[PDB]
Amino acid sequence: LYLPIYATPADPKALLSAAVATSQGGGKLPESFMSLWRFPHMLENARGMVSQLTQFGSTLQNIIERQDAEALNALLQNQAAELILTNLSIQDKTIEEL
Amino acid sequence: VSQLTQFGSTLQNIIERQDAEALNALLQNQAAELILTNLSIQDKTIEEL
Amino acid sequence: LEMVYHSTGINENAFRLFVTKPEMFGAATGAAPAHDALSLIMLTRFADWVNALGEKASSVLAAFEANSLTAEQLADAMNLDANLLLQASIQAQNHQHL
Amino acid sequence: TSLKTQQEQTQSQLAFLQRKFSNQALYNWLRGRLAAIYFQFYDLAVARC
Amino acid sequence: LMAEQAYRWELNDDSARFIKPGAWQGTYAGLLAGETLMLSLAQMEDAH
Amino acid sequence: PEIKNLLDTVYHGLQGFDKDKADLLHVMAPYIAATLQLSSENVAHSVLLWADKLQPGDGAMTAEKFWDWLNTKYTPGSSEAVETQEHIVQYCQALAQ
């Protein structure tokens with residue numbers, strides 16, 4: 001005669017992710033060296049050297065952006081490859097339903 | 001001056017990049033929030049059956 | 001050991017801490033850490049607990065790497081009652097764990 | 001089960017976006033540092049002109 | 001720093017140092033590091 | 001680590017700053033904006049004004065005191081214990097909040 005109570009499950013929790021940082025110490029200056037070039041020439045020299053360094057910095061930024069985006073491209077493929085299997089199981093059980 | 005123009009082109013590229021990457025993170029948090037309601041709907045379809 | 005690091009999912013600095021001071025992770029003192037499955041399961045649980053701490057993890061890990069962490073800070077991090085953690089610590093101290 | 005897996009896959013992708021290098025916080029630092037350099041170097045340029 | 005010794009000898013301003021240690025930072029892979037040096041040399045030129 | 005990075009960036013940027021040449025708050029705003037993940041620089045300027053009015057923490061902290069502490073007692077790249085360091089951390093946490 002007694003109909004039992006229809007206890008019912010609650011909503012799923014929101015998954016949460018943790019984002020931490022990394023830190024690394026400040027740099028240290030080399031020892032300065034005295035040299036035989038009057039300042040205007042040693043300045044045109046150093047300025048050339050620096051502009052070369054800036055050019056390596058632009059290449060490096062482009063590489064960093066590219067490799068990280070290509071690792072995301074490979075992640076989306078492995079993730080859809082894993083998602084397909086459940087669809088195969090569902091379609092198979094639809095056949096048994098018919 | 002030509003050195004300054006070169007800093008200006010680097011700066012424009014940075015501005016465009018960082019704003020687009022903040023949009024990329026926005027779309028992920030937004031789909032992460034949209035999934036929960038689908039879970040609730042699927043659960044109530046089971047109770048319907 | 002790369003396959004370990006990527007499968008566990010642990011953060012870079014806690015992996016550094018685990019490599020440098022296995023005693024902090026409770027591995028046998030004075031021995032190199034084991035990649036035995038017994039250690040793998042505890043590393044996975046540690047990574048999951050760090051992810052559960054969410055945004056607070058950045059401060060919690062820094063306070064953990066020092067000998068600084070206390071009941072109140074961790075209770076605030078996990079959104080638990082501070083008295084609950086204090087009494088759990090008291091009860092754990094009273095009973096004989098190994 | 002399929003929908004629950006998709007929730008995890010969205011969390012894994014969101015975590016990768018937060019944890020990678022070339023993320024939002026790097027571009028924020030690049031913008032701030034470069035903007036400060038740009039204004040100082042403009043003051044030097046205009047003094048030269 | 002070799003151009004800075006040349007400066008501190010063409011003039012006598014041994015106290016004036018323009019190159020700072022902060023140009024490189026390992027947190028961010030040292031990106032942009034050269035453009036601080038470019039600014040520091042533009043100051044070393046304009047003060048000369 | 002985030003606070004440590006903020007301190008390193010601010011110390012490197014503000015080195016050689018002159019008090020009479022420009023306002024300290026206006027000069028310090030861009031680096032604070034860069035480190036604390038803010039979209040706009042003027043948002044960081046407004047936040048700094050608000051923080052200076054609140055004087056956060058157990059040791060009432062302000063831009064001048066913060067700058068003097070950074071100038072004198074801070075050695076970037078090393079982990080050391082400083083008596084005033086807790087007030088610095090509290091001030092940085094207030095800014096992020």
# chains A, B, ... in the order shown; residues from 1 in each chain; ligands from 1
>>> interface_residues(of="chain A", to="chain D", cutoff="9 Å", atoms="only C-alpha atoms", output="list in words")
residues 15, 16, 17, 18, 19, 20, 21, 61, 64, 65, 68, 72, 75, 76, 79, 83, 86 and 87 of chain A
>>> write_last_selection(atoms="N, CA, C and O atoms", output="PDB file, in the first residue's frame")
ATOM      1  N   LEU A  15      32.829  22.228 -12.684  1.00  0.00           N
ATOM      2  CA  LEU A  15      34.271  22.023 -12.602  1.00  0.00           C
ATOM      3  C   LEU A  15      35.001  23.361 -12.518  1.00  0.00           C
ATOM      4  O   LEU A  15      34.589  24.351 -13.128  1.00  0.00           O
ATOM      5  N   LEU A  16      36.094  23.386 -11.755  1.00  0.00           N
ATOM      6  CA  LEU A  16      36.886  24.590 -11.558  1.00  0.00           C
ATOM      7  C   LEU A  16      38.355  24.311 -11.826  1.00  0.00           C
ATOM      8  O   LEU A  16      38.861  23.243 -11.478  1.00  0.00           O
ATOM      9  N   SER A  17      39.030  25.268 -12.464  1.00  0.00           N
ATOM     10  CA  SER A  17      40.440  25.169 -12.816  1.00  0.00           C
ATOM     11  C   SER A  17      41.280  26.195 -12.060  1.00  0.00           C
ATOM     12  O   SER A  17      40.822  27.300 -11.764  1.00  0.00           O
ATOM     13  N   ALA A  18      42.513  25.813 -11.745  1.00  0.00           N
ATOM     14  CA  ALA A  18      43.450  26.643 -10.996  1.00  0.00           C
ATOM     15  C   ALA A  18      44.504  27.218 -11.930  1.00  0.00           C
ATOM     16  O   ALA A  18      45.095  26.483 -12.727  1.00  0.00           O
ATOM     17  N   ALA A  19      44.739  28.523 -11.840  1.00  0.00           N
ATOM     18  CA  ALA A  19      45.738  29.192 -12.668  1.00  0.00           C
ATOM     19  C   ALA A  19      46.790  29.840 -11.778  1.00  0.00           C
ATOM     20  O   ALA A  19      46.517  30.852 -11.125  1.00  0.00           O
ATOM     21  N   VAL A  20      47.986  29.254 -11.752  1.00  0.00           N
ATOM     22  CA  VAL A  20      49.096  29.745 -10.947  1.00  0.00           C
ATOM     23  C   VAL A  20      50.107  30.417 -11.868  1.00  0.00           C
ATOM     24  O   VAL A  20      50.113  30.215 -13.086  1.00  0.00           O
ATOM     25  N   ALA A  21      50.972  31.227 -11.272  1.00  0.00           N
ATOM     26  CA  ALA A  21      52.010  31.954 -11.986  1.00  0.00           C
ATOM     27  C   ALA A  21      53.388  31.374 -11.693  1.00  0.00           C
ATOM     28  O   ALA A  21      53.577  30.591 -10.763  1.00  0.00           O
ATOM     29  N   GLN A  61      58.947  36.254 -30.852  1.00  0.00           N
ATOM     30  CA  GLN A  61      57.533  36.401 -30.528  1.00  0.00           C
ATOM     31  C   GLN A  61      56.651  35.675 -31.527  1.00  0.00           C
ATOM     32  O   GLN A  61      55.676  35.004 -31.143  1.00  0.00           O
ATOM     33  N   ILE A  64      56.705  31.945 -30.747  1.00  0.00           N
ATOM     34  CA  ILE A  64      55.959  31.583 -29.541  1.00  0.00           C
ATOM     35  C   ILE A  64      54.467  31.512 -29.841  1.00  0.00           C
ATOM     36  O   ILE A  64      53.789  30.512 -29.535  1.00  0.00           O
ATOM     37  N   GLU A  65      53.961  32.519 -30.554  1.00  0.00           N
ATOM     38  CA  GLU A  65      52.543  32.530 -30.891  1.00  0.00           C
ATOM     39  C   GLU A  65      52.182  31.344 -31.773  1.00  0.00           C
ATOM     40  O   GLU A  65      51.164  30.668 -31.546  1.00  0.00           O
ATOM     41  N   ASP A  68      52.295  27.738 -29.889  1.00  0.00           N
ATOM     42  CA  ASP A  68      51.173  27.559 -28.970  1.00  0.00           C
ATOM     43  C   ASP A  68      49.846  27.352 -29.705  1.00  0.00           C
ATOM     44  O   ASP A  68      49.059  26.460 -29.342  1.00  0.00           O
ATOM     45  N   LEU A  72      47.310  23.933 -29.780  1.00  0.00           N
ATOM     46  CA  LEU A  72      45.852  23.932 -29.648  1.00  0.00           C
ATOM     47  C   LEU A  72      45.163  23.231 -30.809  1.00  0.00           C
ATOM     48  O   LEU A  72      44.166  22.522 -30.613  1.00  0.00           O
ATOM     49  N   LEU A  75      45.254  19.701 -30.125  1.00  0.00           N
ATOM     50  CA  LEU A  75      44.375  19.339 -29.019  1.00  0.00           C
ATOM     51  C   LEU A  75      42.935  19.170 -29.474  1.00  0.00           C
ATOM     52  O   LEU A  75      42.252  18.231 -29.046  1.00  0.00           O
ATOM     53  N   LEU A  76      42.463  20.042 -30.358  1.00  0.00           N
ATOM     54  CA  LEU A  76      41.070  19.937 -30.791  1.00  0.00           C
ATOM     55  C   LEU A  76      40.821  18.665 -31.597  1.00  0.00           C
ATOM     56  O   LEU A  76      39.736  18.080 -31.512  1.00  0.00           O
ATOM     57  N   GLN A  79      40.617  15.713 -29.178  1.00  0.00           N
ATOM     58  CA  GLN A  79      39.366  15.823 -28.445  1.00  0.00           C
ATOM     59  C   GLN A  79      38.140  15.426 -29.276  1.00  0.00           C
ATOM     60  O   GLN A  79      37.254  14.718 -28.775  1.00  0.00           O
ATOM     61  N   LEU A  83      35.520  12.221 -28.775  1.00  0.00           N
ATOM     62  CA  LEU A  83      34.071  12.424 -28.726  1.00  0.00           C
ATOM     63  C   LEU A  83      33.292  11.512 -29.673  1.00  0.00           C
ATOM     64  O   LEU A  83      32.134  11.189 -29.392  1.00  0.00           O
ATOM     65  N   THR A  86      31.457   7.772 -28.410  1.00  0.00           N
ATOM     66  CA  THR A  86      30.157   7.679 -27.762  1.00  0.00           C
ATOM     67  C   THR A  86      29.037   7.784 -28.784  1.00  0.00           C
ATOM     68  O   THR A  86      27.987   7.153 -28.617  1.00  0.00           O
ATOM     69  N   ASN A  87      29.227   8.575 -29.837  1.00  0.00           N
ATOM     70  CA  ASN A  87      28.189   8.657 -30.852  1.00  0.00           C
ATOM     71  C   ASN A  87      28.022   7.309 -31.532  1.00  0.00           C
ATOM     72  O   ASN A  87      26.902   6.910 -31.876  1.00  0.00           O
TER      73      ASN A  87
END
>>> residues_around(residues="residue 55 of chain A", least_positions_apart="3", cutoff="12 Å", atoms="only C-alpha atoms", output="ChimeraX atom specification")
/A:48-52,58-62 /B:6,10 /E:31-35
>>> write_last_selection(atoms="C-alpha atoms", output="mmCIF file, in the first residue's frame")
data_model
loop_
_atom_site.group_PDB
_atom_site.id
_atom_site.type_symbol
_atom_site.label_atom_id
_atom_site.label_comp_id
_atom_site.auth_asym_id
_atom_site.auth_seq_id
_atom_site.Cartn_x
_atom_site.Cartn_y
_atom_site.Cartn_z
ATOM 1 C CA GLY A 48 73.581 48.228 -34.997
ATOM 2 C CA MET A 49 74.036 45.368 -32.538
ATOM 3 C CA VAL A 50 70.856 46.339 -30.678
ATOM 4 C CA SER A 51 68.758 46.557 -33.829
ATOM 5 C CA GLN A 52 69.875 43.011 -34.603
ATOM 6 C CA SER A 58 60.369 39.794 -33.261
ATOM 7 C CA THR A 59 61.161 36.388 -34.743
ATOM 8 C CA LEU A 60 60.945 34.902 -31.238
ATOM 9 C CA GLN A 61 57.533 36.401 -30.528
ATOM 10 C CA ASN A 62 56.197 35.060 -33.820
ATOM 11 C CA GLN B 6 59.147 50.835 -35.755
ATOM 12 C CA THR B 10 55.202 46.671 -32.886
ATOM 13 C CA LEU E 31 60.868 39.198 -24.836
ATOM 14 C CA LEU E 32 61.248 42.842 -25.896
ATOM 15 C CA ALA E 33 64.653 42.862 -24.132
ATOM 16 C CA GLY E 34 66.396 44.760 -26.923
ATOM 17 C CA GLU E 35 64.020 47.695 -27.052
#
>>> residues_around(residues="residue 19 of chain E", least_positions_apart="3", cutoff="10 Å", atoms="only C-alpha atoms", output="MDAnalysis selection string")
(chainID A and resid 29) or (chainID E and resid 1 4 16 22:23 36:37 39:41 43:44)
>>> write_last_selection(atoms="N, CA and C atoms", output="JSON list (two decimals), in the first residue's frame")
[["chain", "number", "residue", "atom", "x", "y", "z"],
["A", 29, "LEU", "N", 74.20, 42.51, -14.45],
["A", 29, "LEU", "CA", 75.02, 43.15, -15.48],
["A", 29, "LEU", "C", 76.43, 42.57, -15.58],
["E", 1, "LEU", "N", 77.73, 48.52, -22.52],
["E", 1, "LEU", "CA", 78.63, 48.98, -21.47],
["E", 1, "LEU", "C", 79.99, 49.42, -21.98],
["E", 4, "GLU", "N", 79.25, 52.91, -22.90],
["E", 4, "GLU", "CA", 79.13, 53.71, -21.69],
["E", 4, "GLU", "C", 80.48, 54.07, -21.08],
["E", 16, "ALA", "N", 77.60, 59.06, -14.04],
["E", 16, "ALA", "CA", 76.43, 58.80, -14.88],
["E", 16, "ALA", "C", 76.48, 57.39, -15.45],
["E", 22, "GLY", "N", 67.81, 45.64, -15.42],
["E", 22, "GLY", "CA", 66.47, 45.15, -15.66],
["E", 22, "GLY", "C", 66.08, 44.86, -17.09],
["E", 23, "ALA", "N", 67.02, 44.85, -18.03],
["E", 23, "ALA", "CA", 66.64, 44.74, -19.43],
["E", 23, "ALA", "C", 66.11, 43.36, -19.78],
["E", 36, "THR", "N", 64.49, 48.02, -24.68],
["E", 36, "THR", "CA", 65.00, 48.80, -23.56],
["E", 36, "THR", "C", 66.43, 49.28, -23.82],
["E", 37, "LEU", "N", 67.27, 48.43, -24.40],
["E", 37, "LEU", "CA", 68.61, 48.89, -24.73],
["E", 37, "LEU", "C", 68.57, 49.98, -25.79],
["E", 39, "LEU", "N", 66.21, 52.22, -26.21],
["E", 39, "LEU", "CA", 65.88, 53.43, -25.48],
["E", 39, "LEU", "C", 67.06, 53.96, -24.65],
["E", 40, "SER", "N", 67.82, 53.07, -24.03],
["E", 40, "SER", "CA", 68.93, 53.52, -23.20],
["E", 40, "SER", "C", 70.04, 54.15, -24.03],
["E", 41, "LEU", "N", 70.30, 53.62, -25.21],
["E", 41, "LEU", "CA", 71.25, 54.26, -26.11],
["E", 41, "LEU", "C", 70.72, 55.57, -26.69],
["E", 43, "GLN", "N", 68.92, 57.63, -24.98],
["E", 43, "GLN", "CA", 69.24, 58.57, -23.91],
["E", 43, "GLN", "C", 70.73, 58.90, -23.86],
["E", 44, "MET", "N", 71.58, 57.90, -24.03],
["E", 44, "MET", "CA", 73.02, 58.15, -24.01],
["E", 44, "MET", "C", 73.46, 59.07, -25.14]]
>>> residues_around(residues="residue 23 of chain A", least_positions_apart="2", cutoff="12 Å", atoms="only C-alpha atoms", output="JSON, numbers by chain")
{"A": [20, 21, 25, 26], "C": [12, 13, 58, 62], "E": [25, 26, 27, 28, 29], "F": [1, 2, 3, 4, 5, 6, 7, 8, 9, 76, 77, 78, 79]}
>>> closest_residue(among="C:53, C:14, C:88, C:38", to="chain A", atoms="only C-alpha atoms")
C:53
>>> residues_around(residues="segment 52-64 of chain F", least_positions_apart="2", cutoff="7 Å", atoms="only C-alpha atoms", output="VMD selection string")
chain F and resid 25 48 to 50 66 to 68 87 90 to 91 94
>>> write_last_selection(atoms="N, CA, C and O atoms", output="PDB file, in the first residue's frame")
ATOM      1  N   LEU F  25      52.106  59.068  -8.971  1.00  0.00           N
ATOM      2  CA  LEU F  25      50.984  58.181  -9.244  1.00  0.00           C
ATOM      3  C   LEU F  25      50.785  57.980 -10.738  1.00  0.00           C
ATOM      4  O   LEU F  25      50.558  56.853 -11.199  1.00  0.00           O
ATOM      5  N   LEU F  48      44.494  53.298  -8.223  1.00  0.00           N
ATOM      6  CA  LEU F  48      45.524  53.783  -7.311  1.00  0.00           C
ATOM      7  C   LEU F  48      45.029  54.955  -6.478  1.00  0.00           C
ATOM      8  O   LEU F  48      45.337  55.043  -5.285  1.00  0.00           O
ATOM      9  N   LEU F  49      44.269  55.874  -7.078  1.00  0.00           N
ATOM     10  CA  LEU F  49      43.715  56.958  -6.269  1.00  0.00           C
ATOM     11  C   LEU F  49      42.792  56.424  -5.181  1.00  0.00           C
ATOM     12  O   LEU F  49      42.867  56.847  -4.018  1.00  0.00           O
ATOM     13  N   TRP F  50      41.939  55.468  -5.534  1.00  0.00           N
ATOM     14  CA  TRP F  50      41.040  54.884  -4.547  1.00  0.00           C
ATOM     15  C   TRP F  50      41.801  54.164  -3.443  1.00  0.00           C
ATOM     16  O   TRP F  50      41.441  54.268  -2.266  1.00  0.00           O
ATOM     17  N   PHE F  66      55.249  53.257  -0.408  1.00  0.00           N
ATOM     18  CA  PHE F  66      55.539  52.088  -1.223  1.00  0.00           C
ATOM     19  C   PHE F  66      56.761  52.318  -2.095  1.00  0.00           C
ATOM     20  O   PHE F  66      57.648  51.460  -2.179  1.00  0.00           O
ATOM     21  N   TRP F  67      56.839  53.486  -2.726  1.00  0.00           N
ATOM     22  CA  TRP F  67      57.985  53.798  -3.565  1.00  0.00           C
ATOM     23  C   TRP F  67      59.269  53.859  -2.753  1.00  0.00           C
ATOM     24  O   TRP F  67      60.310  53.364  -3.194  1.00  0.00           O
ATOM     25  N   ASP F  68      59.226  54.468  -1.568  1.00  0.00           N
ATOM     26  CA  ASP F  68      60.432  54.532  -0.748  1.00  0.00           C
ATOM     27  C   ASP F  68      60.884  53.147  -0.312  1.00  0.00           C
ATOM     28  O   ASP F  68      62.085  52.845  -0.322  1.00  0.00           O
ATOM     29  N   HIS F  87      53.140  44.421   4.962  1.00  0.00           N
ATOM     30  CA  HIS F  87      52.313  45.555   4.562  1.00  0.00           C
ATOM     31  C   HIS F  87      52.300  45.752   3.050  1.00  0.00           C
ATOM     32  O   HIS F  87      51.258  46.083   2.470  1.00  0.00           O
ATOM     33  N   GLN F  90      49.891  43.209   1.686  1.00  0.00           N
ATOM     34  CA  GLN F  90      48.507  43.603   1.926  1.00  0.00           C
ATOM     35  C   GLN F  90      48.066  44.693   0.958  1.00  0.00           C
ATOM     36  O   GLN F  90      46.953  44.644   0.420  1.00  0.00           O
ATOM     37  N   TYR F  91      48.936  45.664   0.696  1.00  0.00           N
ATOM     38  CA  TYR F  91      48.592  46.722  -0.246  1.00  0.00           C
ATOM     39  C   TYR F  91      48.374  46.178  -1.656  1.00  0.00           C
ATOM     40  O   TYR F  91      47.393  46.537  -2.328  1.00  0.00           O
ATOM     41  N   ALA F  94      45.046  44.439  -1.840  1.00  0.00           N
ATOM     42  CA  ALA F  94      43.948  45.393  -1.931  1.00  0.00           C
ATOM     43  C   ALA F  94      43.784  45.911  -3.351  1.00  0.00           C
ATOM     44  O   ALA F  94      42.656  46.067  -3.838  1.00  0.00           O
TER      45      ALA F  94
END
>>> interface_residues(of="chain A", to="chain B", cutoff="9 Å", atoms="only C-alpha atoms", output="ChimeraX atom specification")
/A:9-15,58
>>> atom_distance(atom1="atom CA of residue 5 of chain C", atom2="atom CA of residue 66 of chain A")
23.2 Å
>>> interface_residues(of="chain A", to="chain E", cutoff="6 Å", atoms="only C-alpha atoms", output="short mmCIF file (atom, residue, chain, number, x, y, z; two decimals) with C-alpha atoms, in the first residue's frame")
data_model
loop_
_atom_site.label_atom_id
_atom_site.label_comp_id
_atom_site.auth_asym_id
_atom_site.auth_seq_id
_atom_site.Cartn_x
_atom_site.Cartn_y
_atom_site.Cartn_z
CA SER A 23 58.51 33.89 -11.27
CA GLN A 24 62.24 34.09 -12.04
CA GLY A 27 69.22 39.66 -14.27
CA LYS A 28 72.78 40.75 -13.50
CA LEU A 29 75.02 43.15 -15.48
CA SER A 32 82.15 46.97 -18.41
CA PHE A 33 85.22 47.09 -20.67
CA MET A 34 87.17 50.15 -21.87
CA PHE A 39 81.85 57.68 -28.69
CA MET A 42 81.02 52.98 -30.69
CA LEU A 53 68.75 41.94 -31.16
CA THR A 54 65.32 43.52 -31.68
#
>>> select_by_dssp(residues="segment 18-73 of chain C", states="alpha helix (DSSP H)", output="JSON, numbers by chain")
{"C": [18, 19, 20, 37, 38, 39, 40, 41, 42, 43, 44, 45, 46, 47, 48, 49, 50, 51, 52, 53, 57, 58, 59, 60, 61, 62, 63, 64, 65, 71, 72, 73]}
>>> interface_residues(of="chain C", to="chain F", cutoff="12 Å", atoms="only C-alpha atoms", output="ChimeraX atom specification")
/C:13,55-63,65-66
>>> write_last_selection(atoms="N, CA, C and O atoms", output="PDB file, in the first residue's frame")
ATOM      1  N   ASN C  13      55.513  24.530 -10.690  1.00  0.00           N
ATOM      2  CA  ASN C  13      56.272  24.783  -9.470  1.00  0.00           C
ATOM      3  C   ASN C  13      56.087  23.709  -8.412  1.00  0.00           C
ATOM      4  O   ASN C  13      57.029  23.412  -7.673  1.00  0.00           O
ATOM      5  N   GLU C  55      41.319  29.954  -7.623  1.00  0.00           N
ATOM      6  CA  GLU C  55      42.106  31.186  -7.695  1.00  0.00           C
ATOM      7  C   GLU C  55      43.029  31.395  -6.500  1.00  0.00           C
ATOM      8  O   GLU C  55      44.090  32.010  -6.640  1.00  0.00           O
ATOM      9  N   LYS C  56      42.644  30.905  -5.326  1.00  0.00           N
ATOM     10  CA  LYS C  56      43.465  30.989  -4.122  1.00  0.00           C
ATOM     11  C   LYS C  56      44.757  30.185  -4.224  1.00  0.00           C
ATOM     12  O   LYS C  56      45.680  30.412  -3.430  1.00  0.00           O
ATOM     13  N   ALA C  57      44.819  29.230  -5.154  1.00  0.00           N
ATOM     14  CA  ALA C  57      45.966  28.336  -5.267  1.00  0.00           C
ATOM     15  C   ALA C  57      47.288  29.078  -5.355  1.00  0.00           C
ATOM     16  O   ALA C  57      48.296  28.620  -4.811  1.00  0.00           O
ATOM     17  N   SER C  58      47.316  30.212  -6.046  1.00  0.00           N
ATOM     18  CA  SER C  58      48.566  30.954  -6.166  1.00  0.00           C
ATOM     19  C   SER C  58      49.136  31.338  -4.807  1.00  0.00           C
ATOM     20  O   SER C  58      50.337  31.181  -4.572  1.00  0.00           O
ATOM     21  N   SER C  59      48.302  31.824  -3.890  1.00  0.00           N
ATOM     22  CA  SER C  59      48.822  32.113  -2.558  1.00  0.00           C
ATOM     23  C   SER C  59      49.008  30.871  -1.704  1.00  0.00           C
ATOM     24  O   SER C  59      49.952  30.812  -0.908  1.00  0.00           O
ATOM     25  N   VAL C  60      48.137  29.876  -1.850  1.00  0.00           N
ATOM     26  CA  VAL C  60      48.243  28.696  -0.996  1.00  0.00           C
ATOM     27  C   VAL C  60      49.541  27.958  -1.274  1.00  0.00           C
ATOM     28  O   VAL C  60      50.231  27.528  -0.348  1.00  0.00           O
ATOM     29  N   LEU C  61      49.894  27.790  -2.548  1.00  0.00           N
ATOM     30  CA  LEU C  61      51.128  27.091  -2.883  1.00  0.00           C
ATOM     31  C   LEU C  61      52.345  27.845  -2.380  1.00  0.00           C
ATOM     32  O   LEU C  61      53.305  27.232  -1.909  1.00  0.00           O
ATOM     33  N   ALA C  62      52.346  29.170  -2.497  1.00  0.00           N
ATOM     34  CA  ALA C  62      53.478  29.939  -1.995  1.00  0.00           C
ATOM     35  C   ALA C  62      53.615  29.804  -0.485  1.00  0.00           C
ATOM     36  O   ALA C  62      54.729  29.710   0.037  1.00  0.00           O
ATOM     37  N   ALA C  63      52.496  29.810   0.234  1.00  0.00           N
ATOM     38  CA  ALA C  63      52.536  29.616   1.680  1.00  0.00           C
ATOM     39  C   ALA C  63      52.894  28.188   2.067  1.00  0.00           C
ATOM     40  O   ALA C  63      53.448  27.958   3.144  1.00  0.00           O
ATOM     41  N   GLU C  65      55.025  26.314   0.179  1.00  0.00           N
ATOM     42  CA  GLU C  65      56.440  26.130  -0.120  1.00  0.00           C
ATOM     43  C   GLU C  65      57.315  26.681   0.996  1.00  0.00           C
ATOM     44  O   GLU C  65      58.357  26.099   1.316  1.00  0.00           O
ATOM     45  N   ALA C  66      56.929  27.807   1.587  1.00  0.00           N
ATOM     46  CA  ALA C  66      57.421  28.132   2.913  1.00  0.00           C
ATOM     47  C   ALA C  66      56.747  27.235   3.952  1.00  0.00           C
ATOM     48  O   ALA C  66      55.744  26.573   3.687  1.00  0.00           O
TER      49      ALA C  66
END
>>> closest_atom_pairs(of="chain B", to="chain F", cutoff="10 Å", atoms="only C-alpha atoms", output="JSON lines")
{"residue": "B:18", "atom": "CA", "partner": "F:39", "partner_atom": "CA", "distance": 9.7}
{"residue": "B:19", "atom": "CA", "partner": "F:39", "partner_atom": "CA", "distance": 8.9}
{"residue": "B:22", "atom": "CA", "partner": "F:39", "partner_atom": "CA", "distance": 9.6}
>>> write_last_selection(atoms="N, CA and C atoms", output="PDB file, in the first residue's frame")
ATOM      1  N   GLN B  18      46.547  41.170 -28.130  1.00  0.00           N
ATOM      2  CA  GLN B  18      46.082  40.952 -26.768  1.00  0.00           C
ATOM      3  C   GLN B  18      44.570  41.069 -26.699  1.00  0.00           C
ATOM      4  N   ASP B  19      43.986  42.004 -27.450  1.00  0.00           N
ATOM      5  CA  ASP B  19      42.528  42.097 -27.445  1.00  0.00           C
ATOM      6  C   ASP B  19      41.863  40.852 -28.040  1.00  0.00           C
ATOM      7  N   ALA B  22      42.062  38.034 -25.401  1.00  0.00           N
ATOM      8  CA  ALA B  22      41.029  38.209 -24.382  1.00  0.00           C
ATOM      9  C   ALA B  22      39.642  37.802 -24.863  1.00  0.00           C
TER      10      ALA B  22
END
>>> atom_distance(atom1="atom CA of residue 85 of chain A", atom2="atom CA of residue 70 of chain A")
24.4 Å
>>> decode(residues="segment 12-44 of chain C", atoms="C-alpha atoms", output="compact mmCIF listing (two decimals), in the first residue's frame")
# COMPACT_ATOMS: atom_id res chain seq x y z
CA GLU C 12 55.20 23.47 -12.87
CA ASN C 13 56.27 24.78 -9.47
CA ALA C 14 54.76 21.97 -7.42
CA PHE C 15 56.54 19.54 -9.73
CA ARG C 16 59.75 21.46 -9.04
CA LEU C 17 59.06 21.22 -5.31
CA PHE C 18 58.34 17.49 -5.57
CA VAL C 19 61.61 16.86 -7.39
CA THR C 20 63.72 18.97 -5.02
CA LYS C 21 62.16 17.98 -1.64
CA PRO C 22 60.41 14.60 -1.71
CA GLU C 23 60.06 14.83 2.09
CA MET C 24 57.59 17.68 1.63
CA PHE C 25 55.49 15.23 -0.39
CA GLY C 26 56.12 12.57 2.24
CA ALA C 27 58.29 10.28 0.18
CA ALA C 28 60.86 8.37 2.22
CA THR C 29 63.45 10.83 3.49
CA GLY C 30 66.82 10.88 1.77
CA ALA C 31 65.82 8.94 -1.35
CA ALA C 32 65.01 9.99 -4.88
CA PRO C 33 61.25 10.24 -5.47
CA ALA C 34 59.63 7.16 -6.96
CA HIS C 35 57.53 7.19 -10.12
CA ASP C 36 55.92 4.02 -8.75
CA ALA C 37 52.13 3.91 -9.19
CA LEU C 38 51.84 4.40 -5.44
CA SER C 39 53.44 7.82 -5.89
CA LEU C 40 51.49 8.51 -9.08
CA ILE C 41 48.14 8.25 -7.34
CA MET C 42 49.14 10.71 -4.61
CA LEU C 43 50.54 13.13 -7.20
CA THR C 44 47.25 13.02 -9.09
